[PDB]
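Sequential numbering from 476 applies to the sequence shown in our numbering.
Backbone N, C-alpha and C fix where the C-beta goes; we use that ideal spot for every residue, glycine too.
What follows is one structure encoded as structure tokens, with my remarks underneath.
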Amino acid sequence: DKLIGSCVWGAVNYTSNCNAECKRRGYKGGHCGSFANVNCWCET
């Protein structure tokens, strides 16, 4: 998975629309994961 933004509010590069963000960038989709779902991971 490609990381390109923080799912948790406060962290640098915050992006709530993880799914849309990934789609907009150039990935099929995206989903928040990692520790406490703080990182947004784009489905490669």
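If you draw a 10 Å sphere on the C-beta of residue 501, you find fewer than 16 other C-beta atoms in it, and that means exposed. Short of 8 Å from the beta carbon of residue 484, and not among the five residues preceding or following it, lie these beta carbons of its own chain, in chain order: 491.
Between residue 507 and residue 480, the alpha-carbon positions lie close to 9 Å from each other. Residue 482 and residue 509 have their C-alpha atoms roughly 10 Å apart. Non-local C-beta neighbours of residue 511 in its own chain, meaning closer than 8 Å and more than five positions away in sequence, comprise 483, ordered along the chain.
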